[PDB]
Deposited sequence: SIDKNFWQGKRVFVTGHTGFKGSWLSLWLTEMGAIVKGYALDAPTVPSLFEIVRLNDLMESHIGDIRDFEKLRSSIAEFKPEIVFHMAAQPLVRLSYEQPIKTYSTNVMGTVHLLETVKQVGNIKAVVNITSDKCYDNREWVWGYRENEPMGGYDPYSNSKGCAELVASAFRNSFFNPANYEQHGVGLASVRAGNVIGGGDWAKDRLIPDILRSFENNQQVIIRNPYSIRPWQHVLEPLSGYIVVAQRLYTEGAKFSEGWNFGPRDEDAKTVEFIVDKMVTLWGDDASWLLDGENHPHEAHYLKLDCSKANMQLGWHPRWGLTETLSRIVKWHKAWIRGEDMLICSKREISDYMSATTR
């Protein structure tokens, strides 16, 4: 499914390469022989996987704002990629509330900017627009969303993603009609609850837990019974890649929306998770706070990807966790993270 030779030598432009996912993706792709260029603001964190693995060496990197159409246009045109991965985004919900303007301009205008650039420039066979599992109108039900369902979003962040999804659709219809020449294939990819090593995001369950353990402090669990479709970073990333390959060779036929996610079977509680974590950590412990600990959850239906891309996730919760834990320790102990990160990909690739 993931063809190395395919990647070998491809001029790939990725927006938002300095962040978590962008860095894992850029790595992989370079690991594979692709000629990458990144366009983003400086690493969103400290530490930052981007830096930790010294990616500016392995790839061309442009620091810039998605909101500068011209600069953005320029940067791409100079490059002439053939493949584009769009991931620059203001990703926090929390923030989304304080900074709605920022969220929207970044998330919606940036998307518009990007597709319009791709449009004006020309010579792009494949664009993979990264949105979110939150783009969907939230019915607060037990069911996993299908790609044909309505967009929305309750908070600014989620809502911004539903808009980005509308944008990609209109761009596709207006400018890259599959039904017709331009040679541009455009897919919007949806996924969430992404976990792995290199995630220095603040107020994130995994990161937290790890910081906690690392600093020997015990963890306060706010809601033990909460369930999420937790998935290793590489899982969705593989979907994106494959999708990119398909868009490339097959075009139009895959120019559409696509959900990436774990098996329902693989859904664990926060409590379960922290427990495993603990065990996994060794050294590690946690506590239940005084808030309300309530007993449905947002999920995606992956039938279309399984079925039409033959895509399937590879690691089970436990494995992923351990791999997460192991990668953290390595880091902490001063191991070469580029290498370990590399093996991580390698392993997933088997």
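Deposited residues absent from the coordinates (by C-alpha):
Absent from the structure are positions 181 to 182, 286, 299 to 300, 356 to 359.
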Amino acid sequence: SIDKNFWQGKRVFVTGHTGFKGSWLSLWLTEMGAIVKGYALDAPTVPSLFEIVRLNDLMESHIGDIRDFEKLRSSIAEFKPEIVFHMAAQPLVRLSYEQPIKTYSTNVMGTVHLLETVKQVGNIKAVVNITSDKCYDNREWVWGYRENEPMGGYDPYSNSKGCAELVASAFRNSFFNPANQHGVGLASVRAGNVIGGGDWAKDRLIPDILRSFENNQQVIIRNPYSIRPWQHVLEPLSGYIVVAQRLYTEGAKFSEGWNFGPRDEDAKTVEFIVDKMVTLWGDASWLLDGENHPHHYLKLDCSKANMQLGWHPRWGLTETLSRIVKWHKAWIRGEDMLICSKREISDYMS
From here on, numbers count along this sequence of modelled residues.
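Mean C-alpha B factor from the entry: is it higher for 169 to 177 or for 88 to 96?
Mean CA B-factor is higher for 88 to 96.
Residue range whose averaged C-alpha B-factor is higher in the record, 144 to 152 or 191 to 199
So the stretch with the higher mean C-alpha B-factor is 191 to 199.
Would you mind checking which of 111, 217, 120, 160 has the top Cα temperature factor in the PDB entry?
Most elevated C-alpha B-factor of the set, per the entry: 217.
So among 239, 81, 251, 261, who wins on Cα B-factor in the entry?
In this record, 251 carries the highest C-alpha B-factor of the candidates.
Within this chain's modelled residues, let me know which third the CA B factor of residue 311 belongs to: lowest, middle or highest.
Lowest third, going by the recorded CA B-factors of the chain.
Chain thirds of CA B-factor: placement of residue 277:
CA B-factor rank for residue 277: highest third.
According to the PDB entry, is the CA B factor of residue 57 in the bottom, middle or top third of its chain, that is, lowest, middle or highest?
It belongs to the highest third of the chain when residues are ordered by C-alpha B-factor.
Using only modelled residues of the chain, where does the Cα B factor of residue 15 rank: lowest third, middle third or highest third?
Tercile = middle for this residue's CA B-factor.
Report the third (lowest, middle or highest) to which the CA temperature factor of residue 300 belongs, ranking only the modelled residues of the same chain.
CA B-factor rank for residue 300: lowest third.
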